[PDB]
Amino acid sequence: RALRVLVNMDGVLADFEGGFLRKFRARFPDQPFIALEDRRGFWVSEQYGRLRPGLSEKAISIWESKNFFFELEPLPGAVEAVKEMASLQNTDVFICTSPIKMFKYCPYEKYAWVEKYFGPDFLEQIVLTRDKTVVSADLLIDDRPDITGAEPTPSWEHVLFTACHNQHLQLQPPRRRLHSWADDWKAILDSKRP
């Protein structure tokens, strides 16, 4: 009866796309790269693999490296918006994130990143899972278009958060977008309340 909102981390709170591109270019300066505006499809390494052989593996090595997740910059307005959202009456916010398969740094750095931008008390709001459909809530704000898993009927409405990779996608009505944290996330929340 508190409205419950799941907010994805990478591509919603944390600027994974920009951080990746920057780090890829510093480490592989004589390789071709995908400009952010040219990004298409969720999977970064797939697009890089299509661009040139061997490049999928180089791309992967960026996000597998120490400090990659920790050093991601917040997306504009993300921190302010989630902090306001969590302080709203009758509203519980969880940060829901799918860690990569290589687990040496990513889980740790995600907790550390949340501590840095939201504070120790916000660590209680983290959910790490590869399956978001088994987390129940009224809303999921997430930049991945296709969110599936073990539950064929999730309780949340998926609101697509705009990113380079999905900005041109035509969704099936009545699927809805949140265009950036400057867009009116409060009205989306209010539309789900009694």
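All residue numbers are counted from 1 along the displayed sequence.
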query: On average, are the C-alpha B-factors higher in 134 to 142 or in 165 to 173?
result: 165 to 173
- prompt: Mean CA B-factor: is it higher for 52 to 60 or for 155 to 163?
  reply: 52 to 60
Identity of residue with top Cα B-factor, from 125, 65, 47, 129: 47
- prompt: What third of its chain's C-alpha B-factors does residue 88 belong to: lowest, middle or highest?
  reply: highest
query: Can you tell me which third, lowest, middle or highest, the CA B-factor of residue 6 falls into for its chain?
result: lowest
